[PDB]
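Inside the fold
What follows is each chain in one-letter form.
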Amino acid sequence: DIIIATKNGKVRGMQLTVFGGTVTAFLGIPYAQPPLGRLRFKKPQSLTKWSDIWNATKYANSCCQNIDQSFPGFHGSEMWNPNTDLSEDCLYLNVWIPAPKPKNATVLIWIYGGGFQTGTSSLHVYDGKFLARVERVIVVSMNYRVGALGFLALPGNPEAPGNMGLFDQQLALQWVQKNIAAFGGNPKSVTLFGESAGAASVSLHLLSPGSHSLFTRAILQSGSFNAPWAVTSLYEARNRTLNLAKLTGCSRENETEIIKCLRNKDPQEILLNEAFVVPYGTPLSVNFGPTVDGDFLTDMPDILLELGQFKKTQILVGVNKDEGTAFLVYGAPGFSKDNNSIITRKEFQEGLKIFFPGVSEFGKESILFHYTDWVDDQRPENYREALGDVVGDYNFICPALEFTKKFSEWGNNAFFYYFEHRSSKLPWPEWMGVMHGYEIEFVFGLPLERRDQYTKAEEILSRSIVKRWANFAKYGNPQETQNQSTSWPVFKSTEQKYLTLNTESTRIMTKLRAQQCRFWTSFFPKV
Ligand SMILES: *[C@@H]1O[C@H](CO[C@@H]2O[C@@H](C)[C@@H](O)[C@@H](O)[C@@H]2O)[C@@H](O[C@@H]2O[C@H](CO)[C@@H](O)[C@H](O)[C@H]2NC(C)=O)[C@H](O)[C@H]1NC(C)=O
Ligand SMILES: *[C@@H]1O[C@H](CO[C@@H]2O[C@@H](C)[C@@H](O)[C@@H](O)[C@@H]2O)[C@@H](O[C@@H]2O[C@H](CO)[C@@H](O)[C@H](O)[C@H]2NC(C)=O)[C@H](O)[C@H]1NC(C)=O
Ligand SMILES: *[C@@H]1O[C@H](CO[C@@H]2O[C@@H](C)[C@@H](O)[C@@H](O)[C@@H]2O)[C@@H](O)[C@H](O)[C@H]1NC(C)=O
Ligand SMILES: *[C@@H]1O[C@H](CO[C@@H]2O[C@@H](C)[C@@H](O)[C@@H](O)[C@@H]2O)[C@@H](O)[C@H](O)[C@H]1NC(C)=O
Ligand SMILES: *[C@@H]1O[C@H](CO[C@@H]2O[C@@H](C)[C@@H](O)[C@@H](O)[C@@H]2O)[C@@H](O)[C@H](O)[C@H]1NC(C)=O
Ligand SMILES: CNc1cccc2c(CN(C)CCC3CCCCCC3)c[nH]c12
Ligand SMILES: *[C@@H]1O[C@H](CO)[C@@H](O)[C@H](O)[C@H]1NC(C)=O
């Protein structure tokens, strides 16, 4: 029986057998008052002490969210859907600690992605037991509010100030600072890591003064706040809140009366109307996400980044070879996970309308012009691959590279990777390549489980990645120093070296997507 006295009371864990060893898991520790009733849309309130032994022996409720029903029964989509009951009572976190209890272990804190509208810490691919077992780090993950329940914003109004799900994350980091030493963890050695919206979240914790003392280092997988989907402007956020109000029958003149009306609505009424608060959405629509609230985020984050107003520390950033392909089968015409999705020029043009709905004609032709100068006009997958690259470069790769350039210009060590291995168990079709989200299982070390049908090459790739991530967390340097590995050089804004991650040859390259990102970073913002 493993009991730990936290500062709010004793929690009971459970023992896991992992790789002929043991990991102690505390699943579902509450870290905030449940944000129900008068607390919906507010910042998370601090938790009150209990005197019993809280049983942390099961993942807790996932936060309310809409579920992907686009491919019922398909593991490629349903593996991302919540695997615990949805509930507004969802402000819980998880801790995996090595057995025997470490003395001063480095802590990894996972922040999941999902477009700020979906996600949960209990997903199989976020299971921290392999990292704890193999690298003897402590892994922490938390649920945070998503959608309107996490990011509804009437900025300046404390009944719905915005960024609540970001403050959820923050309160959880605070929990680690106050409590993790009782678990054998070192609160002075905490590394945040996250993917997609989780990575965008990590990047905003680097920018938020209230988070600066709650962590040491940061890892950003396939995301950053300067991604075009990641921050909502004050204007859109207000228009979206008001539109939600009209759709629910909550239109009032007194802004507070609107929030109170929205507080007596059932979560499903709010979730159902979430998709229509914008006139033209895209498969990448983030209807309710981070905004400039003057609290978590004191200014437009592009300005903070450009002018060096962020935590000075090391970062590890990277992207996957085919970030954009996954979103093509959520709306682009002629695309399907069940055929090879050879699309025509006209379908490509139609696809640009789907992904760039409010962009001028000239802007859309400028995308076409820069992505359709063919090395071979007759290749039939030319247009199919261009659309994936357009979506992937615009939404993920170029913002991540731009974030890393700007961050490193202020003197900090930064390390950039390009993940280009397609999982041998990937249930999506081959034309979608190295998809968004499918490095996560390698980072969490699922291929180290021999029973799990991964190849031997994949076990070795995950082992090296797991070591690099742990070495970055512990020491600020993502090297694998023992097995004659390629040395990972720091990313500098002049030479922009990065490391490729694949089962064959791990290589040093320079200036990822140079031509494509000059278009997205220095042309397209002007259209
Ligand atoms: C700001 O919001 C208005 C209102 O949006 C409409 O009403 C909401 C309650 C919701 O149901 C939306 O889906 C509606 O579109 C937007 O105004 C609409 O704009 C479209 C196209 O521009 C037009 O066809 C509709 O008739 C407009 N509806 C109304 C009531 O004016 C407006 O576009 C939003 N602003 C931005 C920049 O997106
Ligand atoms: C690839 O599939 C898409 C999707 O169509 C559906 O899925 C198919 C696998 C099959 O089950 C079809 O019966 C379904 O309609 C095809 O896109 C459709 O194409 C037709 C004619 O080309 C068009 O009228 C529809 O509007 C398209 N629907 C969508 C959602 O785009 C596509 O043509 C297929 N391409 C190839 C190369 O096979
Ligand atoms: C908390 O857990 C106590 C310890 O029992 C352990 O957990 C239960 C769920 C069983 O799996 C048992 O075999 C374990 O040893 C329980 O006695 C207690 O009832 C639990 N408290 C609450 C409120 O559920
Ligand atoms: C735990 O270690 C503390 C020092 O932490 C050091 O600095 C941070 C930045 C990490 O990178 C970590 O690897 C370093 O060891 C001590 O100050 C503290 O007293 C120690 N406490 C215990 C109980 O061992
Ligand atoms: C390192 O490699 C181990 C197996 O490879 C063996 O060890 C190295 C040092 C060489 O001698 C090689 O020829 C041997 O076959 C793995 O078991 C281990 O997990 C690897 N470690 C990391 C961090 O990747
Ligand atoms: C930027 N992020 C993002 C934005 C908007 C929506 C989502 C979703 C939810 N739905 C709409 C798409 C799911 C796909 C994600 C990519 C991994 C394979 C599964 C398909 C996940 N991220 C999102
Ligand atoms: C809205 O009504 C509330 C009463 O709950 C009041 O406290 C607030 O000042 C009012 N705001 C405006 C703008 O009238």
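What counts as what
Residues numbered from 1 in each chain as written, not as in the entry; some residues may be left out. Chains lettered and ligands numbered in written order. Heavy atoms only, no water. Pairing = 2+ DSSP bridges. Helix = DSSP H or I, 4+ residues; strand = E, 2+ residues; numbered from the N terminus. Axes fitted to C-alpha atoms, helices over the stretch in contact; angles between N-to-C directions. Contact = heavy atoms within 4.5 Å. Disulfide = S-S within 2.5 Å. Buried < 20%, exposed > 50% of the residue type's maximum accessible area, 1.4 Å probe, protein only. Near = heavy atom within 4 Å. Polar contact = N/O pair within 3.5 Å; in protein donor to acceptor, adjacent residues only side chain to side chain. Areas by Shrake-Rupley, 256 points an atom, 1.4 Å probe, with all protein chains shown as cover. Nonpolar A, V, L, I, M, F, W, Y, C, P; charged D, E, K, R; others polar. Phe/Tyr/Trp six-rings, centres within 6.5 Å; stacked < 30°, edge-to-face > 60°. Core = buried A, V, L, I, M, F, W, Y, C linked by side-chain atoms within 4.5 Å. 1 Å grid on protein atoms, 1.4 Å probe; cavity = no way out; pocket = protein on both sides within 12 Å on 5 of 7 lines; lining within 4 Å. Points joined across faces, edges and corners; volume = space filled by probe spheres on them. UniProt positions renumbered as here; feature names shortened; annotations may be inferred.

In the PDB archive, X-ray crystallography is given as the structure determination method for this entry, at a resolution of 2.12 Å.

**Quick word on the sheet that holds strand β8 (residues 92-98)**
Read across the open sheet, the eleven strands follow the order β3-β4-β8-β10-β9-β11-β12-β13-β14-β15-β16; overall the sheet is mixed. Single-partner strands in this sheet number two, and they are β3 (14-18) and β16 (508-510). On average, each strand axis in the sheet is inclined to that of its neighbour by 25°, with strand direction left out of account. Pairing geometry for strand β4 (residues 21-30) and β8, over six bridges, is antiparallel. Among the inter-strand pairings, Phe-26 is bridged to a residue of β8, identified as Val-95. Along the sheet, helix α5 (residues 197-207) makes contact with β9 (105-111), β11 (185-195), β12 (217-221) and β13 (315-320), crossing β11 at roughly 135°.

**Some remarks on the state of the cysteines**
With the rule as written, the count across this model stands at three disulfides. Covalently, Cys-63 is tied to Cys-90 through a disulfide, its sulfur atoms 2.0 Å apart. Since a negative S-S torsion denotes a left-handed disulfide, the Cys-63-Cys-90 link at about 90° is right-handed. Highlighted residues: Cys-63 in strand β6 (residues 62-63) and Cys-90 in the loop between β7 (86-87) and β8, separated in sequence by 27 residues. Each sulfur of the disulfide joining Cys-250 and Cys-261 lies 2.0 Å from the other. Residues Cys-250 and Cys-261 are joined through a disulfide that is left-handed, its torsion about the S-S bond being -75°. Of this pair, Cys-250 sits in the loop between α6 (234-248) and α7 (255-263) while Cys-261 sits in helix α7; the two residues are eleven residues apart in sequence, bridging distant segments of the chain. A single burial state applies to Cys-250 and to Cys-261, both of which are buried. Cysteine pairing in the chain follows 1-2, 3-4, 5-6, where each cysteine in a disulfide is numbered by its order in the sequence.

**Focus: the site of ligand 5**
The immediate surroundings of ligand 5 are formed by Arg-463, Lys-467, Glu-480 and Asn-483. Here an oxygen atom of ligand 5 and a side-chain polar atom of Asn-483 are 2.3 Å apart. Here ligand 5, which alone exposes 530 Å², has 38% of that area covered by the protein. When grouped by side-chain class, the residues that make up the shell around ligand 5 number no nonpolar, one polar and three charged.

**What about the packing of aromatic side chains?**
For the coordinates displayed, the defined rule picks out 47 aromatic pairs. Residues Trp-110 and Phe-444 carry aromatic rings whose centres are separated by 4.9 Å and whose planes lie at 85° to one another, so their mutual orientation is edge-to-face. Of this pair, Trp-110 sits in strand β9 while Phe-444 sits in the loop between α14 (440-443) and α15 (456-475), placing them 334 residues apart in sequence. Given the relative accessible area of 0%, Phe-444 is considered buried. With a centroid separation of 5.6 Å and 50° between ring planes, the pair formed by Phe-335 and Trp-431 is classed as tilted. You can see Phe-335 sitting in the loop between α10 (325-328) and α11 (345-355) and its partner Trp-431 sitting in the loop between β14 (414-419) and α14, a full 96 residues away along the chain. Linked through ring pairs, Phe-356, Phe-362, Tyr-371, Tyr-394, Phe-519, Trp-520, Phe-523 and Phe-524 together constitute an aromatic cluster.

**A word on the nonpolar core**
Core analysis: the largest hydrophobic core is formed by 167 residues, its most contacted members being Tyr-31, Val-95, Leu-152, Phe-183 and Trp-469. With twelve residues, helix α13 (residues 382-408) is the single largest residue contributor to this core. Excluding its chain neighbours within four sequence positions, the residues that come into contact with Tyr-31 are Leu-47, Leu-91, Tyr-92, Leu-93, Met-142, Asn-143, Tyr-144, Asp-168, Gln-169, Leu-171, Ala-172 and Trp-175.

**Here's the deal with the layout of surface pockets**
Its boundaries defined by the atoms lining it, the largest pocket holds a volume of some 1600 Å³. Around the largest pocket, the lining comprises 47 residues; the ones closest to its centre are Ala-227, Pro-228, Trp-229, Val-231 and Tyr-394. Elements supplying a minimum of two residues to the lining of the largest pocket: α6, α9 (301-306), α13 and α16 (514-522). Classifying every residue of the lining of the largest pocket gives 29 nonpolar, twelve polar and six charged. Taken together, 45 residues form the lining of the second largest pocket, with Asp-68, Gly-114, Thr-118, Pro-283 and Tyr-330 sitting closest to its centre. Looking at the lining of the second largest pocket, the elements that each hand over two or more residues are α1 (75-78), α8 (267-273) and α10. Looking at the lining of the second largest pocket residue by residue, the class counts come to 21 nonpolar, 21 polar and three charged.

**A word on α7**
Along α7, the residues classified as buried are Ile-258, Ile-259, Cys-261, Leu-262 and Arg-263. Where α7 begins, one side-chain oxygen reaches toward the backbone nitrogen of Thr-256, 2.8 Å away; that side chain belongs to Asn-254.

**Details of the UniProt feature "active site" in the chain**
Mapped onto this numbering, the UniProt entry annotates "active site" at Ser-196, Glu-323 and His-436. In terms of the greatest pairwise C-alpha distance, the residues named above, spread along 241 residues, form a tight cluster of at most 10.0 Å across. Lining residues of the second largest pocket drawn from the annotated list: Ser-196 and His-436. Its place among the elements puts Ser-196 in the loop between β11 and α5. In contact with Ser-196, not counting residues within four places along its chain, are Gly-113, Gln-221, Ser-222, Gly-223, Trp-229, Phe-396 and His-436.

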